[PDB]
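Engineer: So I've got this experimental structure, pasted below with the sequence.
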Amino acid sequence: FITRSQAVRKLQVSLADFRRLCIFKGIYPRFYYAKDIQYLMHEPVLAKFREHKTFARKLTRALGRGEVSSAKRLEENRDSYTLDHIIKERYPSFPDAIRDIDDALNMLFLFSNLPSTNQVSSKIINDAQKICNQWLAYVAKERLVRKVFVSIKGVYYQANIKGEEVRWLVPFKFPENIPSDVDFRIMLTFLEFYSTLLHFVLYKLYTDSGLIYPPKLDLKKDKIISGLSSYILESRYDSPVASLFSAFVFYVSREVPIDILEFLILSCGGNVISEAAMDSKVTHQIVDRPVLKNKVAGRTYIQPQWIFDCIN
Amino acid sequence: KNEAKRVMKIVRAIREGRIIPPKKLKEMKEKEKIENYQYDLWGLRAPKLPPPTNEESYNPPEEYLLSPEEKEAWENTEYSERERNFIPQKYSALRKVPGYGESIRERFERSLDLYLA
Amino acid sequence: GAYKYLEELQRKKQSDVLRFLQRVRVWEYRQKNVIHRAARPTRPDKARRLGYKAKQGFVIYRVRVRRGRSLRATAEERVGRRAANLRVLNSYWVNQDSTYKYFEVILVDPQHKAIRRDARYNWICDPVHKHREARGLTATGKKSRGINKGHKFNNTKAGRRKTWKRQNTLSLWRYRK
Amino acid sequence: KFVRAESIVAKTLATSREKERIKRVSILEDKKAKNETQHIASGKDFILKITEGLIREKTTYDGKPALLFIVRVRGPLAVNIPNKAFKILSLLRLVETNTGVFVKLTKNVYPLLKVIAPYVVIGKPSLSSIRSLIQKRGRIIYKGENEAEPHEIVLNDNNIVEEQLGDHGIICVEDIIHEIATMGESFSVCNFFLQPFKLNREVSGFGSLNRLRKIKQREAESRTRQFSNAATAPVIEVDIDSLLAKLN
Amino acid sequence: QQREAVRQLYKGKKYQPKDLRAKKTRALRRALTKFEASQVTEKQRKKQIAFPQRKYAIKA
Amino acid sequence: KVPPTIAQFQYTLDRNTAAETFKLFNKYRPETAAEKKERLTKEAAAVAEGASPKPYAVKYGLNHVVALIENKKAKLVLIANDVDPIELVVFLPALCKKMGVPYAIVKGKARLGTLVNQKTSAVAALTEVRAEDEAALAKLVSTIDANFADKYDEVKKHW
RNA sequence: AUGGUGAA
RNA sequence: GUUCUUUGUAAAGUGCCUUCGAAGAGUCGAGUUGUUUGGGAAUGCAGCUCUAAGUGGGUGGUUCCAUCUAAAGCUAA
RNA sequence: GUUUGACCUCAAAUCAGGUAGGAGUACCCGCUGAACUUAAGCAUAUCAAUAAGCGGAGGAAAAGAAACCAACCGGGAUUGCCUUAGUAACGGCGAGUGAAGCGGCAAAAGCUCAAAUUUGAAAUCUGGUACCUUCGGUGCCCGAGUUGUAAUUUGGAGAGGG
């Protein structure tokens, strides 16, 4: 074994970029496995951090001078490092990838429900909300759901992505008080690692099992609700869970959050109609009110707990 | 003349096609660089996967509500020397579910399991 | 351009302006090594008219020599031993002290590809110019060898050993003269 | 700290444009409201939209009540606002840069809207942009434990919604969004309930990329926002939806 | 088989290893190449075109 | 002790005048290697398939500047004080005073390098100008002649 | 004499 | 000999007419201490002191005239 | 701005690419330098601008395109041979030392810088890298370089235009 103070001196990269690389391979001190760091020093990602540092000296001499014309040139002729060749070393078999995608969506579904700060870039956030609704696009399409669990923390989910019971906590749609303690440098690098990981899987679930990746979006449905009813999808049963709500057209109402709840019914198969969409054939209306008002005979009035009772 | 000679040479090279004009290079970069992460790539530590909760929720059997003394005793105790990361509450309605204030930290502590362990 | 103004400025050596530059530089060059590399020639007009182009492959070594064989050639010989890969082209006076004299000898790398190309300087790459200073083939060496044209240089024009061997060895033909 | 003489003249001459700019507008819409057209520039309400090749579709403005979200911008360079614009920006409480609010556009609102045009950016938002703004940023000035109210903190709950408003049918945070996207009667009460929206600034830092991205984006404001300075200047509308992706 | 494999992986790239280069001698590994020696100054190329060494005979 | 033609430097142009000089000079950048190359490829793409006036820039070679003063074509001449051989530029303030070309000793050689796409420049000059900046240039000429020349008339004297 | 090898 | 390509308001040459037209300094030289020669007009060189000029300067011939252009470099037989 | 950013300088590395040493040595180029011996003893003349030693090259080296020789109805880079000639000249005129121009011939070949601005565009080069027909060419990136790299000029002039 070697020392934590040794490896940074050994690698001669940034300590943060040591910590940034160390997330990428998945190396943990048992102390630092000395062959593994010797295994690390010949890796193409290590090429880029030296180059990304030497980009930064070459750019600040640019703007420091005042030739912004030359400064602007540096960006357009600047690569990005990919994390494809951190993946295939780490995820040999695709079914091993889906047993680590547990933590992946457990991060990435958090990040969609985040305000953009100085600390976090919104492009990451607007990808995260995009990737979530890309995730839910496939899940709601081919009905791949098994179990649900709404709790205090968030809303757990359970689905057999080729049989592995993934579990991904969607938090509740509220402002979230960002604590001063946390670090969005380490967490983002996980997201950075997880984001590209989530691309190939969604490519895999589409282009090998289902559809084309990624499908186009529908903008005008995204103007209304910005969720799962938008982002339309085109290609080119055994469980009773998948047979639930089969031609059972629902109305949802303004009490519940539709976004957490339109997902399940579309994961089952029933149609979802909201109050919120403007801003009959339905036969259910979910309400959380001590004072209900309309009460037609065609609609069946059930509090949404029972819908979660229908799943478990 | 100098610049006029130099252009004529760059005319000559595109006459021979050694050089692409800059407008088509954007078109070389328009077809490229959107097609990113869009290819097949497939065709030992067990990572300590998290414990699956079932039936401990927003609307539980209410004996799972903590005793009022252990409420403060959970608060007076500090973190990680600690059994629950919360205290469960009771909600009859779906609407009354609060802002789950500590979900950011729950991943940040989980994240430290992922590489430091 | 400026090289006419510098050419004439370097004439008045004991004048107030250049006198002051001497007394600063003489102190500064004593702080540094005996043989060391200057990044740029201090008298660039002189460097040019002795064949220096400010491109990659040209090197200006500054050299210190004692006072009271010639000192210019000794200066070139000292840098020849230290910088062996280089070829001595020419040298010139820059500054002097009561005890020491300074020369800024100019060198060319024959190994550097910027010199192996251009035909104005690729002659120095030819192995016949290895240690030009060690054979007195530099400006100062050819000066001390007494090699010019005239009545003055009769006994030492085309090699003083060559003319001696020619004059003091008997020559006989097949059919005797 | 010391003031260079360059500053105090540049500040003088820029505000004494704005002291001249709103004076003319305040004379004009006086003569538009009091209807004494013998010599005016234009006789109607103008709203222009600037979107994308960089289209400038100038429109009229009918009396139809619409919904505008307005973000405070920090422009222009040397402009101490006058008394007439301290007020409107304080009555909309937009005194902090990068802070937003929904308001309703009437023909009472539009004439005062030409006052604050160089200081903010305005526009019509979408329902997603209505919704994803509120459930991601939201402040509630409400009582703390016993004493300290002004912890504005967070739209955590739907029963704090029961607490303050409550009796107007205001039962959940999704129901608030009904009261804003649709012009409801209690729209101003819930507008008085969500006082700022602390949007982040886009560039948010010094640095390598950050200096460059500031410079590259700063000129982008100069195209997507022009300062008309006219008597019958139009009110310029930008797309809020693309802006909130930059600000959320 | 090792040496042909190394030559295949260093297929026509500048500065391949010293153990694969031509031995020849030391002096011939120094001394200007065909291109470098034949490299002539721009003025002399013009003087070659304008006045080349002509071919002639002298009688009738 | 410094002989008067040395330390005619160091008595350089002050804070505000130097700032205003660069406010003028940074407008007149030479087109950089990247910018020039891309322009000529634009010319190649356009003129091969299907007029311009002379563009003004600063002039920055020592030989070029010593040409331009005494041509006479130079209007403003900036001169760095820090030069490795000082004797390279010592005659230059005297040349400008003799030919009557307005000059200014600027502080920092790399400061000249920034406006000119080089590391260092030692001397920079603005021969000609666009019509809009003509009055501003001539005002700066008077500003420099009042601050630099008239204040330091005794710069030719005093060791 | 030049240059070298050895040496209570 | 056999071909494949030659381009760009490109690269020169020649005669006339018109307007300009910069060529090497601690070097030349001077005194002296040594070395070099058979060298008489210290030849050549080095050391040390001082150190120039531009209708200039170096070298020779009986008052002018002739002759080259140093203090940079390359080159076969 | 009590940050930060330009440069210049000094560093660094088991990085990338190179290169110098040593042997041989007849010839060549430099540096250093005796004594036996000759005129009578020996300070010069004389052994000797030798031998040994030292440094450096090549197939040759060195020299070389005049700051030359001449005194003529002028020659015309250098090197070598024949001759000038044992002449001029020097030498306690003595041991003796010892050229050169001309002439005949061998072989013949000339040119490149620095010098006043490309200023309507550093027009130049290194290196890395990607390909190609690889003693190299091209695209792209990087560096050098305005304290000047290319084109144009070297007194035989030359340049600007017409």
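Structural biologist: Now that the structure is in, tell me what you want to look at. Residues are numbered from 1 along each chain as shown, chains lettered A, B, ... in the order given.

Engineer: Return the residues of the stretch 1-150 of chain A in contact with RNA strand H.
Structural biologist: Within the stretch 1-150 of chain A, not a single residue sits near RNA strand H (CB under 7 Å from any atom of the strand). Every C-beta, even on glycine, is put in place using the N, C-alpha and C of the backbone.

Engineer: ranges for the helices of the stretch 1-150 of chain A?
Structural biologist: For the stretch 1-150 of chain A, helices defined by DSSP state H, counting those that start in this stretch occupy the ranges A:4-11, A:15-25, A:34-40, A:44-65, A:68-76, A:94-97, A:101-112, A:122-141.

Engineer: highest average neighbour count across the ones you listed?
Structural biologist: helix A:101-112 (a mean of 22; mean count of other CB atoms under 10 Å in any protein chain shown).

Engineer: For that helix, name the packing helices and strands.
Structural biologist: With contacts taken as 3 or more CB pairs under 8 Å, 6 or more residues apart in numbering or on different chains; DSSP states H and E, helix A:101-112 sits against helix A:122-141, helix A:186-204, helix B:104-115.

Engineer: returning to that earlier point: of all the helices of the stretch 1-150 of chain A, which one is nearest residue B:97?
Structural biologist: Comparing the helices of the stretch 1-150 of chain A by their distance to residue B:97 (CB to CB), the top pick is helix A:101-112, with 16.7 Å.

Engineer: Outside of the closest one itself, which residues are in contact with it?
Structural biologist: If you take CB atoms under 8 Å, 6 or more residues apart in numbering or on different chains as the criterion, helix A:101-112 is touched by A:120, A:124-125, A:128-129, A:131-132, A:135, A:161, A:166-171, A:187, A:190-191, A:194-195, A:197-198, A:201, B:47, B:49-50, B:103-104, B:107, B:110-111, B:114.

Engineer: same thing but at 6 Å, please
Structural biologist: A:128-129, A:131-132, A:166, A:168-171, A:190-191, A:194, A:197, B:49, B:107 (CB atoms under 6 Å, 6 or more residues apart in numbering or on different chains).

Engineer: Centre of the chain to that helix, how far?
Structural biologist: 5 Å (CA atoms, centre = their mean, to the nearest Å).

Engineer: just stretch A:33-42 next, same as before
Structural biologist: 31 Å.

Engineer: what about the helices in chain E?
Structural biologist: In chain E, the helices defined using DSSP state H lie at E:2-9, E:34-38, E:42-50.

Engineer: Let me know whether the second one sits next to RNA strand I.
Structural biologist: Yes: with CB under 7 Å from any atom of the strand as the measure, helix E:34-38 is seen reaching RNA strand I through E:34, E:35, E:36.

Engineer: which helix of chain B spans the most residues?
Structural biologist: From DSSP H, the single longest helix across chain B is helix B:2-15.

Engineer: And the contacts of the helix or strand just after that helix?
Structural biologist: Sequence-wise, the next helix or strand downstream of helix B:2-15 (DSSP states H and E) is helix B:22-31. The contact list for helix B:22-31, computed with CB under 6 Å, 6+ apart, reads residue F:41.

Engineer: List the contacts of stretch A:288-298.
Structural biologist: A:255, A:283, B:93, B:94, B:95.

Engineer: end-to-end on that stretch?
Structural biologist: End-to-end span of stretch A:288-298 (CA to CA, to the nearest Å): 19 Å.
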